[PDB]
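Only one chain is included here, represented as structure tokens and corresponding to the form deposited in one PDB entry.
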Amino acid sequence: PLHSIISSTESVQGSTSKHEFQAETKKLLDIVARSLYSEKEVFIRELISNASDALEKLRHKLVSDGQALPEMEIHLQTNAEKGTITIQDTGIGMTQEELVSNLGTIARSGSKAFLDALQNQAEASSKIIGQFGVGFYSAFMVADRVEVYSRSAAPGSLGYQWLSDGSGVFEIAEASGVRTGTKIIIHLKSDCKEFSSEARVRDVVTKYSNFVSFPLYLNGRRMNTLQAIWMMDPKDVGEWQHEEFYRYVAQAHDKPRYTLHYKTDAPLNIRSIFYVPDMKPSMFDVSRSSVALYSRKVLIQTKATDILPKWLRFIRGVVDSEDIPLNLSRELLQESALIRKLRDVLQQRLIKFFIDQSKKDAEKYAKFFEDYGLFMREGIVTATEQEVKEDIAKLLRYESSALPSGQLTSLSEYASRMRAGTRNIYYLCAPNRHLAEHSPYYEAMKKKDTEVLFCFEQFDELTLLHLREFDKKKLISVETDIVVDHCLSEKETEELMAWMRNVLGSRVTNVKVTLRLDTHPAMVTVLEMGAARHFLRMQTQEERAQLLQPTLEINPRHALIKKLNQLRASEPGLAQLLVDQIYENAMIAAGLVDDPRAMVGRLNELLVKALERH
């Protein structure tokens, strides 16, 4: 189907012209006011940012001159009956030239020109928000008529006025009585009268601009009353401010148990603070990042980016940066490379912080791991890189067989003093220390003088089998190692073997003899056990039986096995129930029984007919 008219036959003959790009202002205004912001409340944020920029410019101008500092405040006002919202400022202001150059031209901002002509861009380039030049036109999205009063702080400037309706035309006049600074008056739409209500405005202000750098008022009462401590050095801020900030951000009533104050500028500008709660995690904590992203003291509202890995969703705090790329809508540029490196840097720093906490305090870290271990266990099984899994795995605490009861140990220190020339790590799963010590599998391997890691928590064998390796060493379970490893008369032993294969033929594949058991009359061995256990309870005897191949062993030294001889010689019917009970007990001890409700009736029958002579 190769039919390509693509060629280079084109050739230029006529004289080349020369033109300049134009623009359609009405369509640009319509696009800005209709299809730019997904929410209608952002105009308050934009106006507050503009007021903050004006105040910052005035403050810098006065500081560079060494003059006295007047008051620097933002004043919001709402009039319910008139349906208007008013924001006042005490910044630099602007004359009619700046009025018609900035408010009359799309995508032109004087703040960028101010920053460029500063020659330092250190003291003030970190405190100016405006960079695009279209933020003022969001007021037309909720208004039908905008009215602005302003006058410059220069000694001899006069007031002015600025009216528009968002219809591609604006009129400028000269006004008297204007207070120095800038004042914006907004007349609201019919369908946007909700913004004349004090509660809605307060909610928006607290959601977006709580940490503005200047005092802010709404109808007369100050709303800041709280310093952004993440911008200060740790040596200046006390613990009371830390706990109050944690109380504010976490919406809790307890104290933080861990506090990290992170400030870095080499790879990228990062100023963040992190908290770990004092209570235990709950159902909502497991349910679905609780960390707010900021940029020059303005919320970005990611709510989907998850700048922090999912398994770290239990920590709280704020993250602030100056170099994140944000689009024209003042939202994150989704899945940029900078975000993907910020996440890795932050998670590595958090891992390093958690590792160091163990050294300086052991009991507190043990309690924290007891509380928040499930998050680390989940983080093991969702990562992909082996290095990440090994980094997280250093936080796990286990109980070993070479140490006294009730004290923990780590994998790294487990590998410290293990056998000189064996690249193997052995772990056993049991609900208790008592069940781990007297487990048939542990007895079967107790001959070897190796240290076994007892793990009691749930979803732990799953974590080990997804880890598969630590410091280039294999993680081998005791159950697998037993099969990997390579009295009663023999005539009666073999005859009872034949009988057991006869009776338990359908459920059991093979029977063997074992001298490695001393306190358990039976044991069930499968070629693999951890994966079988995990698979069994996601999904009656048979359809589970051929999926396991339950090899069963017998202990000739046990008393019950010995008595089974003469209880079959005397009454085969009782032995019929006895062997089934032994098999059920062995399968229960192996941990392969999901719901043991089935065996209750047969156990009752065996008990009621076994001792009837007594």
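We call the rigid core the largest set of C-alpha positions that still match within 1.5 Å between the two forms. Heads up: residue numbers just count along the shown sequence, starting at 1.
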request  = Please say, as none, 1 to 3, 4 to 9, or 10 or more, how many residues of the deposited sequence are without coordinates in the interval between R288 and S289.
outcome  = 1 to 3
inquiry  = Neighbours in the displayed sequence, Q539 and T540 may still hide a gap; how many deposited residues lack coordinates there, none, 1 to 3, 4 to 9, or 10 or more?
reply    = 4 to 9
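The same protein also has a form deposited in another entry, omitted here; what follows describes it.
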query = Which is the one residue in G317, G130, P440, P277 whose C-alpha moves 2 Å or more between this form and the one not shown, relative to the superposed rigid core?
reply = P440
message = Superposing on the rigid core, I want to see if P431 changes position between this form and the one not shown - specifically a Cα shift of 2 Å or more.
response = yes
message = For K512, does the CA position differ by 2 Å or more between this form and the one not shown when the superposition is done on the rigid core?
response = yes
query = Just checking, between this form and the one not shown and with the core aligned, does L578 shift 2 Å or more at the CA?
reply = yes
